[PDB]
């Protein structure tokens, strides 16, 4: 009950005024002269309430620095976080949470900060609140969830995000996605798009891009034959295990790596560019300083939490894939060859393809790994032509593979619904 402040004072009243009017210097003076940082009026309102809703970041920081109660609750049950979320002050929301604000504080009617942010469609604030553990299924006095309020106010991008986030929470999964316009590259929808995820076999389209770049440059040939032995075979090599007598061409290996996710095919192609280090160099040299490959198949699928080896972010992967499929990084022929291999993907039936509406185009590459890891990168769109890039990753769940497949499919259905 110590969050219900109810003490008045002369200096406290003058501080309450300076907090509303945004008098940064007057606040510092009153605080230096001993004003009560938790002074309260007849509504239980403190200076931190006033600074939070008025959007004065500097005053909020100073007040917290002098011991302001981050979880002060006024007579209506509002905390400073309620007000910061309602008035759309992102940086203040972050500062309050960094200083220990209750992310799931409830007012008299059961409204939480996530309810208020969802009502206004503040995407960035919604994501911050979720990142700090906001309850996505919180119901107010009338049984309304944050999604219900977003849906009622036409905030469909936030509505989509909240439904994806709730499904992931149910599974115990960390999920990220991004959708990019193929032609312009504009970010259309996103969630956790700057967090790292294990690439798994989705790296194979980047590998193919690096091979196609060397083919464009005359340093590699589609028809060049690579020989290998039974001892070189690693697990899940359905095509390469059948060509031990005379090997396979570069083109055949790239087709097997993409359409069948053949692991030995990917390792053989990695060798031609100097291994994982060589693929990472190719990525750096086209402007991707985030995506990195460090290990070979099958070790790169280990998916250790907080391990940056063999990871990308949704936005890095989507931006790089767009550069490979559009624009001048690859020739028109190589561009189209990469898209054609991805269109011929044979081993991604249970994912986006399972929810693809009739007449739509999809070219994709899936990945699977340990620690409940699953992902997909795709170019898709209506009318038999791709118009957007979608990248989706999930990891950390104890879910079955069927549940992981369904989660990816569900996210894809959500994005297709909100197209």
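Residue numbers count along the first chain shown, from 1.
Once you work out the mean C-alpha B-factor for both 203-211 and 327-335 from the entry, which is higher?
-> Of 203-211 and 327-335, the stretch with the higher C-alpha B-factor average is 327-335.
According to the deposited model, is the average Cα temperature factor higher in 65-73 or in 375-383?
-> Here the higher of the two C-alpha B-factor means belongs to 65-73.
Kindly indicate the residue among 394, 366, 45, 354 with the greatest C-alpha B-factor in the PDB record.
-> In the PDB entry, the greatest C-alpha B-factor among 394, 366, 45, 354 is found at 45.
Report the option among 242, 346, 292, 119 whose CA atom has the maximum B-factor in the deposited record.
-> Highest C-alpha B-factor among the listed residues goes to 119.
Modelled-residue ranking by C-alpha temperature factor, third containing residue 262 = Its C-alpha B-factor belongs to the lowest third of this chain's values.
If you rank the chain by CA B-factor, which third does residue 236 end up in: lowest, middle or highest?
-> Its C-alpha B-factor belongs to the middle third of this chain's values.
Split the chain's modelled residues into thirds by Cα B-factor; is residue 189 in the lowest, middle or highest one?
-> Middle third - that is where residue 189 ends up once the chain's C-alpha B-factors are sorted.
Chain-wide C-alpha B factor ranking for residue 123, given as lowest, middle or highest third = Highest third, going by the recorded CA B-factors of the chain.
Pull the Cα B-factor of residue 137 out of the PDB entry and bin it into the chain's lowest, middle or highest third.
-> It falls in the top third of the chain.
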